[PDB]
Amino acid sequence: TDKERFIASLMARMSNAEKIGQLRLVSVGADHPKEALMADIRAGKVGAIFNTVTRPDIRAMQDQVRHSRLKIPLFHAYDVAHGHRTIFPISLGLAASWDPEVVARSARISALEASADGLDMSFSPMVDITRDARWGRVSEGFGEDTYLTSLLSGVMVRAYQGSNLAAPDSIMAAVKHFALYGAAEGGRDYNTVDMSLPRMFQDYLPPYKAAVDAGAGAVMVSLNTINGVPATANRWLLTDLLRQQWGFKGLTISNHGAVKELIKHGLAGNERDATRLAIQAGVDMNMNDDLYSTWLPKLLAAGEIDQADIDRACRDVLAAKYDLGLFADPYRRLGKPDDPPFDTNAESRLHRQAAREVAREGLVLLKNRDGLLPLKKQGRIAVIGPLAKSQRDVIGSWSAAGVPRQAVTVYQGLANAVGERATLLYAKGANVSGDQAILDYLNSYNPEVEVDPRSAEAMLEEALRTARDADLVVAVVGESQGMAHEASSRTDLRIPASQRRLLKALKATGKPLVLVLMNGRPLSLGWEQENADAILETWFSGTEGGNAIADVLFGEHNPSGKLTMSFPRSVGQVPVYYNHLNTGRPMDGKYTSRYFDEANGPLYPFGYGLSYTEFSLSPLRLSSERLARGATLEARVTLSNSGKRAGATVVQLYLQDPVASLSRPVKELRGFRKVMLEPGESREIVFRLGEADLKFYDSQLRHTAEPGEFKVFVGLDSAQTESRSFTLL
């Protein structure tokens, strides 16, 4: 009522010109030069800013608000995806921690730094489910699993927003991309999404819903068609589902140029009609293309739009500014005037300890033949590969205000660890790619890839001479961050050919070979799994990446990360995911659902990851054989560290509904516990399962649990499990 009073009196004052100006979301660019933008803010024609990210710059913009009749403050947004200035691992690496508190910590520090620079909103978290490793943006999400992505979706929102959206160290979450953006056909960015409603409700929508139920202040709408209707023009998605069914009360934001793109989708013949479709579907705020400002007045005057369409959009912008505390104090995130100036990028405003501890948790040990890892800080260590000394790659895609020169490379991380106790020998070995067309693509906007002008053969000969002079080879190989970016979809999932040629030459020297992988998507690693002695998955591990990688390689931290996305044997197996249907003819002979020209199944399954120690699970026990409606059941198992080193693992609870009105998955994740144990230590793990855990969407979207058998599986990954059954009454 108090908020409603302030907001209703303010909107009673406003002209349509002022209401429509609140819907304009812009950035300083060629589209909107700084001084023209300043004039537009003075004239009341701007609602919010993105990509202006420092206190002085945001202050100068907020200072123009004084010259408007109503003095409605701006909010300031940015893409703080996995860090603002202190860069954490990419989301796919954070997910691999299997630890909500580690992810929450990355989010809280991101919000602290962003809010310290004056930012009120992040276009995050990205909660799109990804089953297609070809898509460039899988790096930005939490992998293939609905339960895990849904849990981390809520965690990110609560950690960004705190208990109070007005707090100077809180930012608003704009959850993206609503919806289904990750299921693009062919894994080609922006491409067609087509799926049944039961799959959509069961597998793809719950993460957006968790963000809404966690109190997300905003929702960013996606660029893709859903079943033939672009999200930006999809009333069924933005009004019926998001508002009426889920009760979302916040702000909807279109993606960059999305209203105008309704023309190229063939939903609209002109910008006037595109604008009508977007506002009536339920898009409040319009990013960069300015069609709302250009066309809403004419649409309203012609009776094509209703006043209520303008009023609803405007109300959502004002309610967001109110909740962010910006009517109370527009400078609340910008300090007091006469606070002394600072270097935005000062070393003292970073959080290196938080970045290092988080980065350690996401590293996944994929292979370790004969205890080669951990390494001893001694002897001669060859560090070879195009990513060994790469500052720009270790902070990954969507590195926000991250500064490459402030990042710790793998080489530098190893140098910091050994000091004088061991000798590092360096050789680039190869360029990230040997294909000139792929280098032209990676270098097309900014210099992202250091191209060594020497021949491939000369770099190899140097690498082989370096390996020969060492006790063992740490090969730092994989993708540059520009390969797992928006619009950077891949037809091949292997390590690039220039680097595989290097690895083959390194193998033939007979030296022990440790692979340190940098990559923003699942890679095809058949040759590496056969021929490398050890493999460490490091994703893009952030500002402190190299230090956290050295901490695991030398045994300071025992690798605890587990995969949250299945690793295909090749691109021709796509899609592969752990929660698939059985079919009528599952492969364990010939007449089964399989390929004939390659081994079947993923190379590494969902939830896979090794340790320097060994863990054991006692038999799974259920607290009863039968479960009454309204009752809870307990699944009990004892986890023991039966090896020589302290270490964490992740105990995973899976569920199967083997008889149902729909064909249900062979298994679905329904719980986990990350557990840190000393040698010989045990922990009794108790999972609680109720009827809520057993429901699914039928063909008419009835969300019900049916009577009958459920199988419960517990294990340290999605493959290596045992099951016990109970009956729901």
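What we label the rigid core is the largest C-alpha set whose atoms superpose within 1.5 Å from one form to the other. Sequential numbering from 1, following the sequence displayed.
**Student:** Which of the two stretches, 208-216 or 330-338, moves more in 5 other deposited structures of this protein when the core is held fixed, judged by C-alpha RMS distance?
**Tutor:** The more displaced stretch in 5 other deposited structures of this protein turns out to be 330-338.
**Student:** Rigid core superposed, root mean square over structures and residues, which stretch has C-alphas farther from this form in 5 other deposited structures of this protein, 5-13 or 709-717?
**Tutor:** Output: 5-13, the stretch lying farther off on average in 5 other deposited structures of this protein.
**Student:** If you count the residues of the deposited sequence that sit between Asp370 and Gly371 but have no coordinates, do you get none, 1 to 3, 4 to 9, or 10 or more?
**Tutor:** In the record, the chain runs straight from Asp370 to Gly371 with none unmodelled.
**Student:** Between 515-523 and 331-339, which has the higher average C-alpha B-factor in the PDB entry?
**Tutor:** Comparing 515-523 with 331-339, the higher average CA B-factor belongs to 331-339.
**Student:** Would 71-79 or 473-481 have the larger average of its C-alpha temperature factors, as given in the entry?
**Tutor:** Looking at the recorded C-alpha B-factors, 71-79 comes out higher on average.
**Student:** For the CA B factor values reported in this entry, which option in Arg134, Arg131, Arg235, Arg272 has the top one?
**Tutor:** Reading the PDB entry, the winner on C-alpha B-factor is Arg272.
**Student:** Which has the highest CA B-factor per the PDB entry: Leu669, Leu662, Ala36, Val666?
**Tutor:** If I rank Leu669, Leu662, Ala36, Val666 by C-alpha B-factor, first place goes to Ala36.
**Student:** Based on the deposited C-alpha B factors for this chain, I'd like to know if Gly250 is in the lowest, middle or highest third.
**Tutor:** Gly250: CA B-factor falls in the middle third of its chain.
**Student:** Going by the entry, which third of its chain does the Cα temperature factor of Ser618 land in?
**Tutor:** Tercile = middle for this residue's CA B-factor.
**Student:** Would you mind ranking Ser293 by its C-alpha B-factor against the rest of the chain and naming the third, lowest, middle or highest?
**Tutor:** Highest third of the chain for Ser293's C-alpha B-factor.
**Student:** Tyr445: which third of its chain by C-alpha temperature factor?
**Tutor:** Highest third, going by the recorded CA B-factors of the chain.
**Student:** So where's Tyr591 on the chain's Cα temperature factor ranking, which third?
**Tutor:** CA B-factor rank for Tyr591: highest third.
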